[PDB]
**Q** 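One structure is given below, represented as structure tokens, and several questions about it will come after.
Quick note: residue numbers are just sequence positions, from 1. Atoms considered below: every heavy atom in the structure, side chains included; atoms not considered: hydrogens, waters and symmetry mates.
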Amino acid sequence: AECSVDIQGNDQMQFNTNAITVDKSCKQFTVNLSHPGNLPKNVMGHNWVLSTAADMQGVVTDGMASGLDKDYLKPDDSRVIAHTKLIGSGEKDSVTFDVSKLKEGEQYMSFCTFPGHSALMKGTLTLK
Ligand SMILES: [Cu+2]
């Protein structure tokens, strides 16, 4: 809807959508993430992480190194613009960020950094 999107991550490692549009009239933007299915976080947890299309693989690779307790994200990782926490089934998390942080003329991506997930759990973000 305007200024908020509700996205699901399930047990076949699918995100409900894989392209999000972010209206520029919005001052902040909120992502609400939930997890259907019944599998726990240590084997099937999902987060929602944002970076440039170009920064993604680095973020995914160093996130894997940080481990589960760090929610597979390197602390104070300067390339992430916003991210949720890693959640298991029945869990929910939300993240709001300033839309001013998204520059026009750049390509951004949303992905699940949990190891092995990112290949399927990835999508584009358009600022319009
Ligand atoms: Cu995932």
Side-chain angles (χ1 to χ4, degrees):
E2 206 193 78
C3 304
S4 43
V5 73
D6 284 34
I7 162 165
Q8 302 158 251
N10 74 355
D11 290 352
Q12 290 74 354
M13 48 201 250
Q14 293 153 354
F15 268 143
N16 68 314
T17 195
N18 45 15
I20 308 163
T21 306
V22 176
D23 191 351
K24 292 168 67 178
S25 321
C26 299
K27 265 51 205 168
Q28 285 167 101
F29 198 81
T30 300
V31 178
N32 294 319
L33 175 73
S34 55
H35 188 321
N38 327 113
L39 273 171
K41 187 214 294 203
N42 67 340
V43 303
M44 191 52 79
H46 304 304
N47 51 359
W48 175 92
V49 181
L50 180 73
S51 70
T52 49
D55 279 335
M56 187 186 143
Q57 199 47 70
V59 178
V60 169
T61 294
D62 292 318
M64 194 188 287
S66 312
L68 183 69
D69 65 323
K70 305 298 188 295
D71 281 345
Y72 290 102
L73 253 166
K74 199 235 293 183
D76 289 83
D77 195 325
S78 53
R79 298 162 292 186
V80 187
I81 304 166
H83 76 95
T84 65
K85 297 304 174 292
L86 195 82
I87 63 179
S89 293
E91 291 180 3
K92 179 73 187 185
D93 195 83
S94 318
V95 58
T96 309
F97 52 91
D98 295 23
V99 174
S100 36
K101 297 189 172 188
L102 309 180
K103 192 185 91 289
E104 196 68 61
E106 204 152 48
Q107 231 64 17
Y108 303 86
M109 282 222 263
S110 265
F111 45 95
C112 175
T113 51
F114 189 99
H117 287 209
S118 12
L120 285 155
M121 289 185 92
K122 59 179 158 98
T124 54
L125 196 98
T126 8
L127 208 249
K128 80 171 183 186

**Q** Rounded to the nearest 0.5 Å, what's the gap from OG on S94 to CG on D6? Could you check?
**A** 8.0 Å
**Q** In Å, rounded to the nearest 0.5 Å, how long is the span from OG of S89 to CG of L39?
**A** 6.0 Å
**Q** Please check if the side chain of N16 supplies one atom and the backbone of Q8 the other of a donor-acceptor pair under 3.5 Å.
**A** yes
**Q** Does any part of the side chain of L33, heavy atoms only, come nearer than 4.5 Å to the side chain of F15, both counted from C-beta?
**A** yes
**Q** Taking NZ, NE, NH1 and NH2 as the nitrogens, is one of them in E91 or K85 under 4.0 Å from a carboxylate oxygen of the other?
**A** no
**Q** Taking C-beta and beyond as the side chain, do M64 and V59 meet within less than 4.5 Å on heavy atoms?
**A** no
**Q** Assign the ring pair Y72 / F114 to parallel, tilted or perpendicular, where the plane angle (0 to 90°) is split at 30° and 60°.
**A** perpendicular
**Q** Would you say that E104 contacts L127 through its side chain, given a criterion of any heavy-atom pair below 4.5 Å between the two side chains?
**A** yes
**Q** Are side-chain heavy atoms of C112 and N47 found at a separation under 4.5 Å?
**A** yes
**Q** Please indicate whether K103 has more than 12 foreign heavy atoms, meaning atoms of other residues, nucleotides or ligands, lying under 6.0 Å from its NZ.
**A** yes
**Q** Stepwise, does the side chain to side chain contact (heavy atoms under 4.5 Å, CB included) test hold for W48 with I87?
**A** CA-CA 10 Å; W48 175 92; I87 63 179; over 6 Å; no
**Q** Can you find a pair of side-chain heavy atoms, one from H46 and one from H35, that are under 4.5 Å apart?
**A** yes
**Q** Describe, in one word, how the ring planes of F97 and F29 are oriented to each other, choosing from parallel (under 30°), tilted (30 to 60°) and perpendicular (over 60°).
**A** tilted
**Q** Starting from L102, can I reach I7 by hopping between I/L/V/M/F/W/Y residues whose side chains sit under 4.5 Å apart?
**A** yes
**Q** Is it the case that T84 and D93 place a side-chain donor and acceptor less than 3.5 Å from each other?
**A** no
**Q** Closer than 3.5 angstrom, by distance alone: can the side chain of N10 be matched with the main-chain N or O of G37 as a donor-acceptor pair?
**A** no
**Q** Between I20 and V31, does the side chain to side chain contact (heavy atoms under 4.5 Å, CB included) criterion hold? Intermediate values first, please.
**A** CA-CA 10 Å; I20 308 163; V31 178; 5.5 Å; no
**Q** Minimum heavy-atom separation for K122 to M56, with atom names?
**A** CD-CE, 4.4 Å
**Q** Spell out, as yes or no, whether a donor-acceptor pair under 3.5 Å connects the side chain of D77 to the backbone of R79.
**A** yes
**Q** Honestly curious: do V95 and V22 fall in one hydrophobic cluster under the side-chain, below-4.5 Å linking rule?
**A** yes
**Q** Report yes if some heavy atom in the side chain of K41 is under 4.5 Å from a heavy atom in the side chain of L68; otherwise report no.
**A** yes
**Q** Between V49 and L73, is a side chain to side chain contact (heavy atoms under 4.5 Å, CB included) present by the stated rule, with each step listed?
**A** CA-CA 9 Å; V49 181; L73 253 166; 3.9 Å; yes
**Q** Enter the distance from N42:CG to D69:CG here, rounded to the nearest 0.5 Å.
**A** 12.5 Å
**Q** Checking side chain to side chain donor-acceptor pair (under 3.5 Å) for the pair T30/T96: CA distance, chi angles, key distance, verdict?
**A** CA-CA 4 Å; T30 300; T96 309; 2.7 Å; yes
**Q** Is the side chain of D11 donor-acceptor paired with the backbone N or O of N38 at a distance under 3.5 Å, no angle test?
**A** yes
**Q** Of the non-hydrogen atoms in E2 and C26, which two are nearest, and what is the gap between them?
**A** CG-SG, 4.3 Å
**Q** Side chains of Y108 and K101, heavy atoms from C-beta outward: is any pair under 4.5 Å?
**A** no
**Q** Check whether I81 and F111 end up in the same hydrophobic cluster, where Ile, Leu, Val, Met, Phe, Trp and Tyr are linked by side-chain heavy atoms less than 4.5 Å apart.
**A** no
**Q** Any chance you could measure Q57, atom CD, to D62, atom CG, to the nearest 0.5 Å?
**A** 10.0 Å
**Q** Can a donor-acceptor pair be found, under 3.5 Å and without considering hydrogens, that links the side chain of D23 to the backbone of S25?
**A** yes
**Q** Nearest 0.5 Å, please: how far is NE2 in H83 from OG in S51?
**A** 12.0 Å
**Q** Strictly distance-based, threshold 3.5 Å: is any side-chain N or O of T52 a donor or acceptor partner for the main-chain N or O of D55?
**A** yes
**Q** For the residue pair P75 and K70, establish whether any side-chain heavy-atom pair is separated by less than 4.5 Å.
**A** yes
**Q** Grab the two heavy atoms, one from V60 and one from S118, that are nearest each other, plus how far apart they are.
**A** CG1-OG, 3.5 Å
